[PDB]
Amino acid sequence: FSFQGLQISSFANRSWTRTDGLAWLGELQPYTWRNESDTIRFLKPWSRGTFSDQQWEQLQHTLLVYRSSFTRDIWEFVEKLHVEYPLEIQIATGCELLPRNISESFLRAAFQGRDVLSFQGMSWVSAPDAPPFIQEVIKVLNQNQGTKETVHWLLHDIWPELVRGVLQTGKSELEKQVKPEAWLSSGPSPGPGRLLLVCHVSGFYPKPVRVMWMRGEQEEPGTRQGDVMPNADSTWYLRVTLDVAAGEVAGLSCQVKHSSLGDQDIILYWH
């Protein structure tokens, strides 16, 4: 279960900007930070981790000063470099705990939907093939010792200590297993004398899963995987389809493999 802190910043004109934050641990969202709010919100009882109220308050103050400063600082880069409007900036930052004691952290960012810069070891490094001016934004950002120090601390002290504690408090919820329902339906016609067999699987946690159309032990190819799509309760949904002649439909089944079931797959025959 890796940790990802996520920032979405919209600068439309100069009177109107918003910055939103949220954070994922594994598949679950333990934090949100709405523009309207001066404080992060804990979405789960385990969200607070092992951090004390003081550590949380300090981390908050830093981030709140950051958000304010980020806002005005972008606007200055905008006016003093005549960049376009609107602007969408996103930032992703996080880490994961690897075996032994090694932990790798990161902070990359995006301008207009693609990579633009990141943070490597001790300094801001620009991303290959990026708009002309950001090499010059990188110039300024590298002359701000304080911000560079604060980022380093965050990535190397704060995220790892936060994730260790939240991995502990959230263990039972993170590692839980929810069994899927499954059901069959006849879908839109692929042609005269054809059927679209549709197997639906819904309500499994976690996300890795395997759903195939079968004839005995031989997997039917022609099986088209849907995307795995979220439900509101942090479970998932997937539909898997088969374009088959209405004649050859007998003996077909849909088999569902999921970590929650063991070696006891769900099996459904077409009736």
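Throughout, we count residues from 1 along the sequence that is shown.
Exercise for the section: Check the entry's C-alpha temperature factors for 92 to 100 and 171 to 179, then say which stretch has the higher mean. Expected result: Stretch with the greater average CA B-factor: 92 to 100.
Exercise for the section: Name the higher of the two by mean Cα B-factor in the PDB entry, 218 to 226 versus 61 to 69. Expected result: Mean C-alpha B-factor is greater for 218 to 226.
Exercise for the section: From the list 125, 196, 184, 163, select the residue with the highest C-alpha B factor recorded in the entry. Expected result: Max CA B-factor in the entry, restricted to 125, 196, 184, 163: 125.
Handout entry: Ranked C-alpha temperature factor of residue 86 among modelled chain residues, by third
Key = Residue 86: CA B-factor falls in the highest third of its chain.
Handout entry: Third of chain Cα B-factors occupied by residue 77
Key = For residue 77, whose C-alpha B-factor we compare with every modelled residue in the chain, the answer is the highest third.
Handout entry: Third of the chain, ranked by Cα B-factor, where residue 159 sits
Key = For residue 159, the deposited C-alpha B-factor lands in the lowest third.
Practice task
Name the third of the chain's ranked CA B-factors that contains residue 148, choosing lowest, middle or highest.
Solution key: According to the entry, residue 148 has a C-alpha B-factor in the chain's middle third.
Problem - Record-listed C-alpha B factor of residue 201: chain third - result: Lowest third of the chain for residue 201's C-alpha B-factor.
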